[PDB]
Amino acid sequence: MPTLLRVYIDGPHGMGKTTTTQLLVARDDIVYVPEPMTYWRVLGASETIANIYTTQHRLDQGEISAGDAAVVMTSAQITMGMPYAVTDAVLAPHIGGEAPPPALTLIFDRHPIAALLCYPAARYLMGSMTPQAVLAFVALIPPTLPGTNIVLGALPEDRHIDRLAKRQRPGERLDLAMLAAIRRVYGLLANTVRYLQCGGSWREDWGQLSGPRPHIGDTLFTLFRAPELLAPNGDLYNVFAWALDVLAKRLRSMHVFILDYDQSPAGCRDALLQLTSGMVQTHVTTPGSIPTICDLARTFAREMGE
């Protein structure tokens, strides 16, 4: 059966992700799946991004409670992740085991974990989502398929602020606190994958949060030493501990690649191209999978891309 390469370009917004990749299919055997802006602004709800930034701004000003903001943020994040969740689910049966040239390369703008883990966790750090909601999203992260190659960004903070200022989505507000939270989350994400792959056991190391791989205090696990999640004696409730077991399973089999964005758009493009030589390809499951996947991807772009 023919081979497929899936490449998810992810990481904090405002680094230059949607430019870099736009230049990458810029063709028959590569398809670019862009961010589903139309879903966010129109199809799923009205101006979800505006809704998100306005809610945080009003929380910050003290015009609404943490409680009101959390229910708003939570349902908004549901809208945000929907196109990623449907796409993953319809693609899943087509994905075979690990596998030469690929018959088809899909380059996605973001992986489901952006809306089902990273953004929720950042909003938690922003005081506008409960950690219990975050772990509800985590519990729903689809099982990690073979060949899940995820590209995360590296960019010094000052330069990132400069780029973000020019890359504001419709309805977005330039929020340096959110920028720092989302950068911390993705930093912790990269660390967490490494911790897990080198054989780290969160349950074994959990005691260190109260005291060769990253320290657990430098992974996503540290975020869930939140008091909401803990019994009167300090123990994590089992239901949350199980969500963390799921988090561990999902993240461990991801293939992370770091893309230096502190260079020219053509440079970023070339660097992304270089990275592909180490990415994992899979077979598809049926002979008709390749054109079906192509049609899915192109229909997504056409209908939901800006």
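Residue numbers run from 1 along the displayed sequence. We call the rigid core the largest set of C-alpha positions that still match within 1.5 Å between the two forms.
**Q** Quick one: core-superposed, which stretch strays further from the shown model in 7 other deposited structures of this protein, 212 to 220 or 137 to 145? Go by RMS C-alpha distance.
**A** The answer is 212 to 220, which departs more from the shown form in 7 other deposited structures of this protein.
**Q** After a rigid core fit, does 202 to 210 or 188 to 196 show more C-alpha displacement in 7 other deposited structures of this protein?
**A** Relative to the shown form, the greater RMS C-alpha distance in 7 other deposited structures of this protein belongs to 202 to 210.
**Q** Would you say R167 is missing from a third or more of the other compared entries?
**A** Comparison shows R167 dropped in at least a third of the other entries.
**Q** Between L145 and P146, how many residues of the deposited sequence have no coordinates in this entry: none, 1 to 3, 4 to 9, or 10 or more?
**A** Gap between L145 and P146: none, chain continuous.
**Q** Going by the PDB record, how many residues of the deposited sequence fall between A26 and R27 without any coordinates: none, 1 to 3, 4 to 9, or 10 or more?
**A** Count of unmodelled residues in between: 1 to 3.
**Q** Averaging only over Cα atoms, indicate whether 110 to 118 or 197 to 205 has the higher B-factor in the PDB entry.
**A** Stretch with the higher mean C-alpha B-factor: 197 to 205.
**Q** Averaging C-alpha B-factors over each stretch, which comes out higher, 5 to 13 or 278 to 286?
**A** That would be 278 to 286.
**Q** According to the deposited entry, which of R213, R123, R225, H160 has the largest Cα B-factor?
**A** Of the candidates given, the C-alpha B-factor peaks at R213.
**Q** Considering only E35, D245, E47, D270, which residue's Cα atom bears the greatest B-factor as recorded?
**A** Answer for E35, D245, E47, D270: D270, with the highest C-alpha B-factor.
**Q** Determine, from the deposited record, the chain-internal third of the Cα B-factor for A69: lowest, middle or highest.
**A** Within its chain, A69 is a middle-third residue by C-alpha B-factor, going by the deposited values.
**Q** Please place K249 in the lowest, middle or highest third of its chain by C-alpha B factor as given in the entry.
**A** Its C-alpha B-factor, which the entry lists for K249, ranks in the lowest third among residues of this chain.
**Q** Taking the values exactly as deposited, rank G187 by C-alpha B-factor within its chain and report the matching third: lowest, middle or highest.
**A** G187: CA B-factor falls in the lowest third of its chain.
**Q** Quick check on the deposited entry: does the C-alpha B-factor of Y261 sit in the lowest, middle or highest third of its chain?
**A** Highest third of the chain for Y261's C-alpha B-factor.
**Q** Using only modelled residues of the chain, where does the Cα B factor of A154 rank: lowest third, middle third or highest third?
**A** Answer is highest: the recorded C-alpha B-factor places it there.
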